[PDB]
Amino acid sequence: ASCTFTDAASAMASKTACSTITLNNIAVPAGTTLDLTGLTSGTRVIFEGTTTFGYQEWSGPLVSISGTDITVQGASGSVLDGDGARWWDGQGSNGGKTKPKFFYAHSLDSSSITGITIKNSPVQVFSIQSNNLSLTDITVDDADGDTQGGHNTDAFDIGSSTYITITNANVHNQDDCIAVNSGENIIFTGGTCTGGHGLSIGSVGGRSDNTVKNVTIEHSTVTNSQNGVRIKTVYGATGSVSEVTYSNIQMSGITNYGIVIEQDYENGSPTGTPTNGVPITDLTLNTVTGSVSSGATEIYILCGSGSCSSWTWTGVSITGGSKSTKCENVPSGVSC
């Protein structure tokens, strides 16, 4: 049966009995999840109009969807508006108000999400922990967070996932455009990332899953962001990052690091001393080009002893700013 809901309680009560679920202009109660987990395999979910959320200090998620063979779609003009300025205090997930993560895609397997627009997320947007999930034509409009205190507004956080494909994302936020904490067979292509902290592998380490393998981030643009390309592995942690390719990345207006690969990472501040428990091997950068701002550093590589090997570095050209005086353990064929 096809079902159309204008309230969250009805949608959650009846979701399994509906093979098409249209969610029209739903105001989700404060402190609660629009809980679309456990869907019957094959179900299509359509977001129409503007979805809103009541105010409460809590950890979220605001929305969660799970199931096999699920098709999630944002109708034309649809928006999931978190009105996150109600929470934003410059502190994000580091302190201040407790703020809800937006959209859990945990075990949304052999599934797709297309044409969803998120506006003004309180904190991180997509939490991806799935197998065979594509995210296409996703828009994260967190631009208001640049002046209203947004922080830790990651667009795509990926962990314990396989076969994730993100295509034609458009993100304006205040943190990582993508952050691959762990996963295998990941593609991010055709993205535009502005305002945030770059296209990041990591942080890797310190979790149950600390393994990244076969990730391609390609044909994408990073502008007006703290970093362009970033790999961050956690200080003193254990893990593995292998078969990562950044290819055909352009950047401009980068404020801190055009490319930064560091094995001393901590959330508060990098230690400045790398460790060697998270080896980065078979890393390819192929055509990573653009400019950084005058106060920025072009390329920064801080590798531990023996934990960066077998890299391929071709067509890398970052102009502007300054060259680093701090690079350590740079692999053969690579340069700051």
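Numbers for residues come from their place in the sequence shown, where the first is 1.
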query	finding
Stretch with the greater mean C-alpha B-factor as recorded in the entry, comparing 57-65 against 265-273	265-273
Segment of higher mean CA temperature factor, 170-178 or 69-77	69-77
Third of the chain, ranked by Cα B-factor, where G290 sits	lowest
Third of chain Cα B-factors occupied by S111	middle
B-factor third for the C-alpha atom of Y163 within its chain	highest
CA B-factor placement of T194, once the chain's modelled residues are sorted into thirds	middle
Entry-reported Cα temperature factor of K101, expressed as the chain third it lands in	lowest
